[PDB]
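Notes follow the structure.
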Amino acid sequence: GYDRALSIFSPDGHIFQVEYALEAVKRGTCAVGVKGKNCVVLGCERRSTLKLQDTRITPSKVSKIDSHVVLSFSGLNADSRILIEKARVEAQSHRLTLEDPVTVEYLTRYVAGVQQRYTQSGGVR
Amino acid sequence: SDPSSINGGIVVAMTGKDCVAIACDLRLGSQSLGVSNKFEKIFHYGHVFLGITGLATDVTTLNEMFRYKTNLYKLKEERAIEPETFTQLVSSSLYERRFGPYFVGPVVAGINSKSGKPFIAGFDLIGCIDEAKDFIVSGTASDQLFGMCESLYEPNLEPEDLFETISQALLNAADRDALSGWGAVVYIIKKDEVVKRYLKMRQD
Amino acid sequence: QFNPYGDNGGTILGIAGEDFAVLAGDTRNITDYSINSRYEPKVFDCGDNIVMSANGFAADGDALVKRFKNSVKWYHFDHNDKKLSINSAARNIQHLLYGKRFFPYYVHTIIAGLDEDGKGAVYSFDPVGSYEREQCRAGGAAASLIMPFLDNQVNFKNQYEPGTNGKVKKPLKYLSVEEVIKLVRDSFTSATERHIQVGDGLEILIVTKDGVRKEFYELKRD
Amino acid sequence: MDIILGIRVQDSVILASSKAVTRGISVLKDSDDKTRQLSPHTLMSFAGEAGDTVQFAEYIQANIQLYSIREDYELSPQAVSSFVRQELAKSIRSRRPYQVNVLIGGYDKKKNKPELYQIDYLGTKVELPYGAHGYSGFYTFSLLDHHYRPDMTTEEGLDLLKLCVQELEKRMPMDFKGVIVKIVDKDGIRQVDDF
Amino acid sequence: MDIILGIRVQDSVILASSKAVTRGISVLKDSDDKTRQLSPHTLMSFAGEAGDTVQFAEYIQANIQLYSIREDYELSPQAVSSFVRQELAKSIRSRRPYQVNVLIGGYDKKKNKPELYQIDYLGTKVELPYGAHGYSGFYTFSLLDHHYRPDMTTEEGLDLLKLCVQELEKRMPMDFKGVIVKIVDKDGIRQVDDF
Amino acid sequence: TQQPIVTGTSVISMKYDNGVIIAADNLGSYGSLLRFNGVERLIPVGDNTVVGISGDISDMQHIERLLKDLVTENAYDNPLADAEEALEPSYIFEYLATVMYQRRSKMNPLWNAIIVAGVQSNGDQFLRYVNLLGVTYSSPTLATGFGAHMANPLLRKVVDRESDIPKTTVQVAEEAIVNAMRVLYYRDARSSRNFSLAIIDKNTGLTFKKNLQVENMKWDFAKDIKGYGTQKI
Amino acid sequence: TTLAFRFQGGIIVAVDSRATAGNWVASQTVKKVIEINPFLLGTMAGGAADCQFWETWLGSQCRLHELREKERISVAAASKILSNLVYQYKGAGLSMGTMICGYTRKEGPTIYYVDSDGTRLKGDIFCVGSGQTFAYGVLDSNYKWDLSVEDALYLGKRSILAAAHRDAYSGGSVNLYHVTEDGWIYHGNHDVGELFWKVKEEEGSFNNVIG
Amino acid sequence: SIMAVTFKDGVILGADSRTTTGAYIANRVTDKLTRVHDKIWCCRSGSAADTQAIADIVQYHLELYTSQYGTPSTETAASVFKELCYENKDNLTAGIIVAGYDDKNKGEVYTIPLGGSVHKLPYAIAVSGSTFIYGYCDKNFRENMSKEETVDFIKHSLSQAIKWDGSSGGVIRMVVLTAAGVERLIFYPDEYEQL
Amino acid sequence: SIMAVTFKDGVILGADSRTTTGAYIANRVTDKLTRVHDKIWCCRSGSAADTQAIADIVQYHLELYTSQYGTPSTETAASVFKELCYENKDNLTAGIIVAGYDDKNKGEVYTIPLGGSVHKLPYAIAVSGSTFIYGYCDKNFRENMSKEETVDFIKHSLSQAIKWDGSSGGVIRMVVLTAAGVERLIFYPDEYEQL
Amino acid sequence: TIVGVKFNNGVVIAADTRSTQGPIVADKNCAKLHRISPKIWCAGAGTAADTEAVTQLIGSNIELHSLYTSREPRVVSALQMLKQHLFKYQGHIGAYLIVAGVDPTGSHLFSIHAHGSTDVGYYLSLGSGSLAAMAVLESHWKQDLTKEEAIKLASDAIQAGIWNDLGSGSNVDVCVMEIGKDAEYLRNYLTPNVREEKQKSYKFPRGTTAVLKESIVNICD
Ligand SMILES: [Cl-]
Ligand SMILES: [Cl-]
Ligand SMILES: [Mg+2]
Ligand SMILES: [Mg+2]
Ligand SMILES: [Mg+2]
């Protein structure tokens, strides 16, 4: 298999591939999260340069991971689908083994773990 | 499906100074299930004592058979049968069923009324005689009894001492066998008196 | 069809005192009705004041002792020459045995030594690694002959105080090393008489804070 | 043929016997009486191999009824149990053995004492304050060991039996369709109409 | 795990499942629910080898719940039954096959029609107005071939189920400790509290 | 899992004051007792060890090659291969013992009984046994198959215990071994008259004797034996 | 013989201490309750090694859960770790009958039956082992939800004693535990030898036994 | 290994002296040549017990025959052997060679193999497991041979068989049946091995 | 029946021509003599399939050996045969005799029996079910025999094996390996039967 | 371990004294030397009940035969009667016997297999220790043995069995049958396996055992 170390250290102690990934996020459409006393709200920007869009079928920016947890994002749309799928699978896997839905903290810790693994695995960005 | 270890139970016999002792547990089970805690395995025909371990139906049947045979012996001979002679009768009667045997481990104990000599003997299920000076063991905890007897036993014990030795031999053997216990009886046999003692033991 | 197991006979005996522990074994190795050796030791000093015996199938017993001795060596390397406590050894041997749960070692395992408070310890294992600490354990061919005797003479089971109507039990107490070796010697001479696979020689390993001492005694050779 | 219980109280013997007859996956009958009156003061309940049970029970009944006529005398429960044991002890080394287990409950008019005998298909006889055959004993014996008292009355003995039947109806996999209960005392044999 | 019944009426599907769990000669539990909700309008009852039943049921439940989240859409009963059949059809040529039999009762919101599917451990799927697994079918199939009518209501369907359960309680050797009944209609899945 | 086809019979050995003796007949037994001759079952490894093998001949020839292979390997980058770092009986045995046990644990055993006879570097006599189960034991006398039943009892009269070894001379031990080989010829259907005997002596080195024959056999009394009881002629 | 039952005062767990090899009584001092954590208990029934090893491994898995999630594991989750493990080994010959008993705020007092066939059951009463039928007879007859702690403890002890007597493969001594909101509490080791005669004298039961 | 050869003056019977249980030689000086009459002998192969029982019965029949009807023929002796072997073939494993001398018929050889059939031959040889050879050096055997030739022929034939067998071994025994009388010959390994 | 005999000028290989399935002769003109190299041949016994598969692989190994290292020794050919037979002994039933001629070593004979062992002999004979005889007329075989002697010796030996064995039959084939080259001989029944 | 050894003027048979059920020693001093007739003795291996029963039945029938014929019984009669009985039961009676005796014909030594085969020999051995015993016999037996030589050889052959065979042990029993003399039966001829003194005495203090009930048993009429 393709083994090459793409995420490596630079003389100044930075990992450029991880930092260039943050640049892709900065390019992404804006996403905001505000939590109140008895609710959380997720606001998401949609760039208006795309008219003749079918808003019915177009992938929505906010994704349900389970019936009680939602995930929004900024950055590469194609990449977001892989994290959402892995998260949705882990949500059902947790219910199956622990007989309880995931805490928001646990689902976060899992997604963050996946993102971390792709910063020191060979062959992946 | 091993007839000798369905009902379970043990017999041990020992010789002392001018006395013999024979003892048994009181358990009758159907494999794991304990059924009766009052199933005595020691019978007497006059002054000759017979213990029988093994399949309980054959224990009952052989008791009824040796009562029959010794009753007729006494009527014809006009005297009670002696241990040495009774041993030969048990042997004869078992080997008669050579190819359809009684699933039993009989033990003979008693004092010869003429010579006063303490006598014990054991048999396999087809009637091979094991004549022994020291002790005889039978049943599901025979291995355990052999170990207890071979270490505890010494020759020419007095009746009161022999009681303690055989009692401790049985109790400690029964407590290491699942299919033995649920009470115990010890017969101390002197020339012209016989004491029968029920032992207190753990009921598990 | 090839049968990978055999029975090499022999019997072993562990007894824990107050400030000592003994592990005894006969020195006879057999197959069926033949004597292989009259002197083949199966009680071993493993280091760290632990004595061990794996009685049953000699090949599996040799293999397990070899693997445990090696486990002690690598415990020293990996944990700065730390002494392997008898409780830690016992847990390690559970894992060695359960490792082969679906192709077991046909041995009854006994280890003896001192616990971390300096008190005599004996641990006994089944073939697949269930274990428990006892003051008294016999293993192998003549276990059924020796064990009820030890119940009576060590743990004073079924003995009551004379005159108390069988209400007051004979009080438990620690035996001296001298009194324990007597019970071991009498246990084995008794087993030699009534078990064809037991005899030839008796090797006792005694474990105190001072170390591991050996005693040998002849048994009947028939 | 599954559940047969027996309790000997102060002045009587109580036999409880399951009503269900099951052949294959269907329950053919729910009112079967697994008992024969051997003599006016001796009752025998039975369970085992189909056919053998009734054939054995009726054979014993005929032999005891024959003895009663010949001697104009009721054979003691001890005597009846000894006869029944010997018949089963013959059976076990036969070409085709009777696979039948029995309880014999009787009132001995000479001793004025109730007697319960438990005999298995091998001819293994035992006298008990309470008894059962097959898997019945596994649940009921612990209960009897605990609640049974030797000087109990017939009403007390019936209440202790209800407790046994309730435990069996809870923890037993088969529906044995309840029990027929029969009391054996000095006045003879009567059936408890409602249980 | 023994009795699982299903009846599809006009506007709903009724699943009846025995409450008893028996291990050896003891009844461990008398309140066991042998069903998993696959989706809000699809229920699956199951019976077979111990462990395999629940392990298989929960595995299917997880996969359908995953599809529901991914597509934000409820899979049709026909689609769920086809998925379940394929999983069992894989199992039968596995190293160790799942020995599980299932009924899938669902209300299709697109067709506004109740649907009952019967799948055995081999992956033998069939759509039926009424179904059962194991020995329960031996007594209820012919009983339902007589009393079943296609335009029956939920109340009519529950009365016809009572007749099936009564027949089973009479003629079946085991005590299955009654049934939990669940109705699947346009409004979702509810349990009949008293039966 | 296998079944042995062509097999070698008993190997017998004992210790004496200054070394060990090992012997084995030169016969390969077939299926229904059928005989074949010309088989050497004594493998000399170096000049301090002889390995006697019984059981499957094919598995014996495999073990023979392993031992030849082992000697070659020990010589590799070893200046002291013919001195201090030479192969010892204890090393050769432990290798074979390891192989036998891991083969039985893979359920593909070498169907053999092996005795390793030799003298160690410090002059200590080495005698140890290993078989297809990987079971190992040592004794002043060791024998396999029929030898265990018939040779051991004869050899144990000469050396019953360890203390008897210093009192036993090579002349006595060789006589005992040669007598034991004749008894096996009398009573073992898979034995042969021709045998090989090897002596490993600390003072005199390894002596290997081939094409030995059983001599001074008693058959004369056979003429007097007639019928199976009542026959007089 | 092992039982665990739920009542007003929490959970009662009672076990015997006998271990057998065929008809040979190997030990009378076996500990058939694994202590896992201060609010979790596990019983042992079947293969001694299988129960002891995998229930010691369950205590390790439960410790890891609490390190990772900073919270004690639920009885439901702990029971399912063990049941999911044995299901992987199904058909390999593992022999286990066991109860996972504990209290957590979110579940309350909970008992789970788990066996080597992969069965996982939640219930108020369970009895596991060769003596389970003898224990069930006593428990079911005298079980009330509103039993006092003192009476519940005695009933569990009494139910094991009944099984120890009638079952050949059960005996030695009775080990008693009580599980509440504050955790599990040991109620001592009662030798059947001494206990039987005390119970017979005080209770006036066991009339089958020669006085 | 047993063989019987007819020559000019009569017939010679030869065999080995080895009896085996598994690989253990029970008897290394066995007499496999048995007298059923003064000048009627047989070679025994198969079960030692079976051949002895048969040989003893045949000897009884010929002793009784001689008392009533005088000296019996070799054919008569063969017939008695066959009758016992054929009628009891199910329970027997005996292979027998019968050799006898008449003044009328001279030397005759009959073989009764495992079947229980009878065959009259000039010579016969059996090796391994009662296995008769049809050819066995047909150009090495000629009719009307000499005593020494015959002795040399049998000595060689049996030596070859002992070289390749394991069942066969020990000494070679021969019995010479002629008008002169009965002679018993024995050859020790050291003589016969160097051939 | 197959045999290989070393003589003065080289070695001769001999075998029968009969292949059997049960009692049916599948091939009565079988060539049991196989070329693995110009002057290295073998005799095949046991499974026809197994011996052919092995003989084909050995021929491949010796062809490859010859390409790299030049003409291989008879010992090398025997070693390759043994390696295949020993390592695959569980799945194989092949008995092989290897005969070859070197100008250095002259005639050599190696036998690989069912075990998978290797033996170097002056001559070898295998008869019946791959059964190799140890002595086989040891005083009939001498070292440095003539070609005519060696052909007569093998012809006689095989003809005697065909007389008592049904497995062996048809023609006798021989292959003569010498410095001169390879000669193929055939002897028809009418020649070899009258011996 | 049982052996028979023929000497100049008679035959000697010897046996060990160990009885076993599986690996357990049932009897440490059982007698395997049986009297068929006053000068015809038998050594038995295999099923202990079978060897005793078959020896007593033939012994009984031989005694009745001796009375009827008014002659001392012959060993061939005991041999013929035993083999025909054992053959009838097709090995189901597991008796392996060494039959030796002196009668008017002379001194005889025979062995009988359980299936009914018999052999003749100058020296024989049977049982689990037969191979250990036979090794000693093959090593030391010679023609024209004296009685003292024959007893030594027989007891040495038994000793080989006792030490090297797990099935054999305890003491050595010998019976010597010489022509023109009474057969001498040397029970416990050798006792090389005496139990050593026990380290401790396990005699209990009286009252140690708990007693529920006591009663006097009436054994009189
Ligand atoms: Cl014979
Ligand atoms: Cl071909
Ligand atoms: Mg007990
Ligand atoms: Mg011994
Ligand atoms: Mg009964």
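Chain labels run A, B, ... following the order of the structure tokens; each chain numbers its residues from 1, and ligands are numbered from 1 in the order shown.
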
Strand (DSSP E or B) call set, DSSP backbone run, chain A, as JSON, numbers by chain: {"A": [31, 32, 33, 34, 35, 40, 41, 42, 43, 44, 63, 64, 70, 71]}

Expected selection as a PyMOL selection string for ligand 5 within 6 Å, only C-alpha atoms and all ligand atoms: chain D and resi 118-120+124

Could you turn the residues from that selection into a file that holds C-alpha atoms, as a PDB file, in the first residue's frame?
```pdb
ATOM      1  CA  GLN D 118     -40.982 -44.439  47.369  1.00  0.00           C
ATOM      2  CA  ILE D 119     -39.868 -47.203  44.892  1.00  0.00           C
ATOM      3  CA  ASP D 120     -38.027 -46.432  41.576  1.00  0.00           C
ATOM      4  CA  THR D 124     -34.960 -49.007  45.088  1.00  0.00           C
TER       5      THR D 124
END
```

DSSP alpha helix (DSSP H) selection over region 14-190 of chain J, as a VMD selection string: chain J and resid 48 to 69 75 to 88 130 to 140 147 to 164

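The contact shell of ligand 1, defined as all polymer residues within 10 Å when only C-alpha atoms and all ligand atoms are used, comprises residues 227, 228 and 229 of chain F; 17, 18, 19, 26, 27, 29, 30, 31, 32, 33, 34, 44, 45, 46, 47, 48, 49, 50, 51 and 52 of chain H; 117, 118, 119 and 120 of chain J.
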
For chain A, report every residue with an atom at most 8 Å from chain E (counting only C-alpha atoms), formatted as a short mmCIF file (atom, residue, chain, number, x, y, z; two decimals) with N, CA, C and O atoms, in the first residue's frame.
```cif
data_model
loop_
_atom_site.label_atom_id
_atom_site.label_comp_id
_atom_site.auth_asym_id
_atom_site.auth_seq_id
_atom_site.Cartn_x
_atom_site.Cartn_y
_atom_site.Cartn_z
N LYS A 64 -27.81 15.37 11.21
CA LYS A 64 -28.13 14.56 12.42
C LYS A 64 -27.17 13.36 12.47
O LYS A 64 -27.10 12.62 11.47
N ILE A 65 -26.45 13.20 13.58
CA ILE A 65 -25.57 12.03 13.87
C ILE A 65 -26.41 10.96 14.57
O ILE A 65 -26.30 9.77 14.22
N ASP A 66 -27.21 11.39 15.55
CA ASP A 66 -28.30 10.61 16.18
C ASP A 66 -29.51 11.54 16.32
O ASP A 66 -29.43 12.68 15.82
N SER A 67 -30.58 11.09 16.97
CA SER A 67 -31.85 11.85 17.13
C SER A 67 -31.65 13.05 18.06
O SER A 67 -32.53 13.94 18.06
N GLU A 85 -20.39 9.97 8.37
CA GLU A 85 -20.69 8.52 8.23
C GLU A 85 -20.07 7.76 9.41
O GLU A 85 -20.81 7.02 10.08
N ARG A 88 -21.94 8.55 12.64
CA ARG A 88 -23.29 7.93 12.61
C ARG A 88 -23.18 6.44 12.94
O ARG A 88 -24.05 5.93 13.68
N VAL A 89 -22.15 5.77 12.40
CA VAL A 89 -21.87 4.32 12.63
C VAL A 89 -21.50 4.13 14.10
O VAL A 89 -21.98 3.15 14.70
N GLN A 92 -24.58 4.39 16.57
CA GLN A 92 -25.40 3.15 16.58
C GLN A 92 -24.62 2.03 17.27
O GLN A 92 -25.27 1.20 17.94
N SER A 93 -23.30 2.00 17.12
CA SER A 93 -22.38 1.01 17.75
C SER A 93 -22.38 1.19 19.27
O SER A 93 -22.36 0.17 19.98
N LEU A 96 -25.65 -0.03 20.77
CA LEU A 96 -25.69 -1.51 20.66
C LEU A 96 -24.92 -2.16 21.82
O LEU A 96 -25.39 -3.21 22.30
#
```

Shell of 12 Å around ligand 3 (only C-alpha atoms and all ligand atoms), written as an NGL selection string: (:B and (8-10 or 25-29 or 32 or 34 or 37 or 140-141 or 144 or 170-184 or 201-204)) or (:C and (148)) or (:G and (18 or 20 or 23-28 or 164-172 or 192-193))

Residue nearest chain B - candidates J:2, J:183, J:14, J:93, atoms counted: only C-alpha atoms: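 Ranking J:2, J:183, J:14, J:93 by distance to chain B, first place goes to J:93.
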
Could you give me the residues within 6 Å of ligand 4, counting only C-alpha atoms and all ligand atoms, as a compact mmCIF listing (two decimals) with C-alpha atoms, in the first residue's frame?
```txt
# COMPACT_ATOMS: atom_id res chain seq x y z
CA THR C 192 2.95 -45.71 48.64
CA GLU C 193 1.24 -48.76 50.30
CA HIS C 195 -1.25 -46.59 45.17
CA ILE C 196 0.95 -48.50 42.62
CA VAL C 198 3.48 -43.75 44.19
CA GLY C 199 6.88 -44.84 45.68
CA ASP C 222 7.51 -52.16 44.60
```

Using only C-alpha atoms, find each residue in chain C having at least one atom no more than 8 Å away from chain B; report its shortest atom-to-atom pair and that distance in Å (one decimal), rows by chain then rising number, as CSV.
```
residue,atom,partner,partner_atom,distance
C:144,CA,B:144,CA,5.1
C:145,CA,B:147,CA,3.6
C:146,CA,B:147,CA,5.7
C:147,CA,B:144,CA,7.8
C:148,CA,B:172,CA,5.3
C:149,CA,B:148,CA,5.4
C:151,CA,B:172,CA,7.1
C:152,CA,B:172,CA,6.6
C:157,CA,B:172,CA,7.4
C:158,CA,B:168,CA,6.8
C:159,CA,B:168,CA,7.8
C:186,CA,B:151,CA,6.7
C:187,CA,B:151,CA,6.9
C:190,CA,B:150,CA,5.3
C:191,CA,B:147,CA,6.5
C:193,CA,B:150,CA,7.7
C:194,CA,B:146,CA,6.9
```

Atom-to-atom span, CA of residue 153 (chain F) and CA of residue 22 (chain F), Å: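 Between CA of residue 153 (chain F) and CA of residue 22 (chain F) the gap is 15.9 Å.
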
Contacts of residue 171 (chain E) at 10 Å (only C-alpha atoms; same-chain gap of 4+ positions) as a PyMOL selection string: (chain D and resi 22+25-30+175) or (chain E and resi 139+166-167)

Shell of 8 Å around residue 133 (chain H), only C-alpha atoms, local chain residues under 3 positions omitted, as a list in words: residues 124, 125, 126, 127 and 136 of chain H; 164 of chain I

Exercise answer, chain C residues close to chain G, 7 Å and only C-alpha atoms, as an MDAnalysis selection string: chainID C and resid 128:130

Write out as a compact mmCIF listing (two decimals) with N, CA, C and O atoms, in the first residue's frame which residues come within 7 Å of residue 101 (chain A) when counting only C-alpha atoms, dropping same-chain ones fewer than 5 positions away.
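Final file, out34.txt:
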```txt
# COMPACT_ATOMS: atom_id res chain seq x y z
N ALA A 91 -22.31 6.07 16.65
CA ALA A 91 -23.50 6.41 17.46
C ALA A 91 -24.36 5.16 17.65
O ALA A 91 -24.79 4.92 18.79
N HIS A 94 -22.41 2.44 19.75
CA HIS A 94 -22.44 2.81 21.19
C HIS A 94 -23.77 2.33 21.80
O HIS A 94 -23.72 1.70 22.87
N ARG A 95 -24.89 2.63 21.14
CA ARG A 95 -26.26 2.21 21.56
C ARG A 95 -26.31 0.68 21.69
O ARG A 95 -26.94 0.19 22.63
```

Å distance separating CA of residue 121 (chain G) from CA of residue 144 (chain G), one decimal place: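 Atom-to-atom, CA of residue 121 (chain G) to CA of residue 144 (chain G), that is 21.0 Å.
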
Spatial neighbours of residue 21 (chain E), max dist 10 Å, only C-alpha atoms, sep filter under 2 positions, as a list in words: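 In the requested format, the answer is residues 173 of chain D; 1, 2, 18, 19, 23, 26, 27, 28, 29, 30, 31, 32, 33, 34, 50, 176 and 177 of chain E; 119 and 121 of chain G.
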
Using only C-alpha atoms, please write the residues we just selected to a file, as a short mmCIF file (atom, residue, chain, number, x, y, z; two decimals), in the first residue's frame.
```cif
data_model
loop_
_atom_site.label_atom_id
_atom_site.label_comp_id
_atom_site.auth_asym_id
_atom_site.auth_seq_id
_atom_site.Cartn_x
_atom_site.Cartn_y
_atom_site.Cartn_z
CA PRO D 173 -41.30 -25.99 31.64
CA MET E 1 -38.03 -18.75 22.74
CA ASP E 2 -40.93 -20.90 21.36
CA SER E 18 -44.50 -16.04 24.38
CA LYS E 19 -43.09 -14.53 27.65
CA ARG E 23 -32.91 -22.96 30.50
CA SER E 26 -36.15 -24.16 35.26
CA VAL E 27 -38.19 -21.20 33.81
CA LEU E 28 -35.68 -18.31 34.37
CA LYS E 29 -38.17 -15.52 33.34
CA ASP E 30 -41.96 -15.11 32.63
CA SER E 31 -41.96 -11.48 31.25
CA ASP E 32 -39.50 -11.73 28.26
CA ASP E 33 -40.23 -9.47 25.22
CA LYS E 34 -39.10 -11.42 22.08
CA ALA E 50 -30.32 -18.85 22.82
CA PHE E 176 -45.05 -20.49 27.61
CA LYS E 177 -46.39 -18.15 30.39
CA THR G 119 -28.31 -15.43 26.94
CA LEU G 121 -31.57 -11.54 31.00
#
```

Atomic separation - CA of residue 61 (chain B) relative to CA of residue 125 (chain B), Å: 13.8 Å
